[PDB]
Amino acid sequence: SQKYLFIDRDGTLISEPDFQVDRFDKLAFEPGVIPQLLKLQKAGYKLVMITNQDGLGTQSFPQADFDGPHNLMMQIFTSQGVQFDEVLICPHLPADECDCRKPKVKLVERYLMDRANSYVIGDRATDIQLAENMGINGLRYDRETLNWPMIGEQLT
C-alpha cells in the first residue's frame, strides 16, 4: 500500500495566469515546491500529477503552446530530482461534458494505494471533491495560508 500525492498543476505546482500557461513568459514556480516535494519523496510519498487543461488542442490552446512551458517545467523538476509517476491530463472544455474532467475519477481509476495516507493537493474545490470521490484526504493548496513548506512539514 503505497502513499500517493495526486497533485494539481496550475496554481499548485506553478502559478496560474486566461488561466492557461501557453507561453514561456507565463511560467513561474510556486514557492518551495522543489525542496518540499524532495522532502515528501524522501518520506516515501510517490507523486502523480493530475491536471485539467481546458481546450488543450483547440484554436484557443494549441498543443504546441502547452508543450513548451510544460516540458520545461518537467525539465526543471526532473533535473532537481522530483519525479512524477504519471502526468494525467484532461484536455476537454467544460461544455464537452467528458468522462475525465476532475473531479471525475476516470484518469485515476487504476489507483482505486494507502488511502489513509494519500492526498490530493490542489488549489480549487474540485481538487478537494476529487479527493472525496477517491476516498482519500484532500489538502487545499493556498500560497499564503496552506503552502508547500506547511504541507512538507505536516506530511513528514
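We number the residues from 1 along the sequence you see. We call the rigid core the largest set of C-alpha positions that still match within 1.5 Å between the two forms.
When the other structures are laid on the shown form by the core, the C-alphas of 34-42 and 57-65 differ in how far they drift in 4 other deposited structures of this protein; the larger average drift belongs to 57-65. Per the record, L112 and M113 are separated by 4 to 9 deposited residues that are missing from the model. In this entry, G138 and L139 are joined directly, with no residue of the deposited sequence lacking coordinates between them. If you average the C-alpha B-factors over 6-14 and over 130-138, the higher value belongs to 130-138. Once the C-alpha B-factors are averaged per stretch, 29-37 and 62-70 rank with 62-70 first. The entry lists C-alpha B-factors for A125, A116, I121, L47, and the highest of these is at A116. When the modelled residues of the chain are ordered by their C-alpha B factor, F19 lands in the highest third.
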